[PDB]
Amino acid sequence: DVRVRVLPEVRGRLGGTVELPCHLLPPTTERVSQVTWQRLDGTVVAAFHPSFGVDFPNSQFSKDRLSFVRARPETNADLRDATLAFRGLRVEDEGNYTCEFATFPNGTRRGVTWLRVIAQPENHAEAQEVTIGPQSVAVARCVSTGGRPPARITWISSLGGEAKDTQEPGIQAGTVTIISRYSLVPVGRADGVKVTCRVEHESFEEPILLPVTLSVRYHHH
């Protein structure tokens, strides 16, 4: 664990590419007989051996998607970098992967990396044009489609309305669409009031603000 260096967590976009670093930290007396990357269940996904070469023995993780990032002059003996690159990320690839150097004589040293597959959702917001009334109804809704994980939506308002939302699977498996409706008792003096939809997500370094201006029918400036 302290001997092997990896990222505890790595993020990649669904359909895109990541890299999972892995290095045997020097100084070390040890010698490396082989390195493999395994899933949690122990299934090997990538293998490297100083003589037998490199191999991706699993059909879910072929050479067409996985590969080792060499950063040596094509002539490395010592052999301490096992950085694994992926392309065409799928939902199935999500998981914890073990980078395991088999060394001699003091055995296998291992690091674990959580590979998180993420899907950036599309967001939009709309005012709902309502009529005056006692009936507290939806005056706005925000929609985050195809996120992974699910996007988080909140509202920002000086008025006093409750927000409530619901979920459905997105077009793509692994992805989910969240719909949030802001509701309050529609009084005529509401028309024109700005109300902001706030959506948080991994693929956004800064939360997205989708402002909306309320619309009360038969009443306008």
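Quick note: we count residues from 1 along the sequence shown, nothing fancier.
> Quick one: higher average CA temperature factor, 177-185 or 32-40?
Replying inline: Going by the record's values, the stretch with the higher mean is 177-185.
> Between 194-202 and 5-13, which has the higher average C-alpha B-factor in the PDB entry?
Replying inline: If you average the C-alpha B-factors of 194-202 and of 5-13, the larger mean comes out for 194-202.
>> Quiz for you: based on the deposited Cα B-factor, which of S67, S51, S157, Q60 is highest?
In response: Comparing C-alpha B-factors across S67, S51, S157, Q60, the maximum falls on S157.
> Among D93, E126, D78, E100, which carries the highest Cα B-factor?
Replying inline: Out of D93, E126, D78, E100, the record gives the largest C-alpha B-factor to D78.
>> Considering every modelled residue of the chain and its Cα B-factor in the PDB entry, is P21 in the lowest, middle or highest third?
In response: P21: CA B-factor falls in the lowest third of its chain.
> Sorting the chain's CA B-factors, does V130 end up in the lowest, middle or highest third?
Replying inline: It falls in the top third of the chain.
>> Where does the C-alpha B-factor of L89 rank in its chain, lowest, middle or highest third?
In response: For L89, the deposited C-alpha B-factor lands in the lowest third.
> C-alpha B factor of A163, ranked within the chain: lowest, middle or highest third?
Replying inline: Ranked within chain, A163 CA B lands in the highest tercile.
>> Looking at the temperature factor on the CA atom of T113, which third of the chain's modelled residues does it land in?
In response: Bottom third by C-alpha B-factor.
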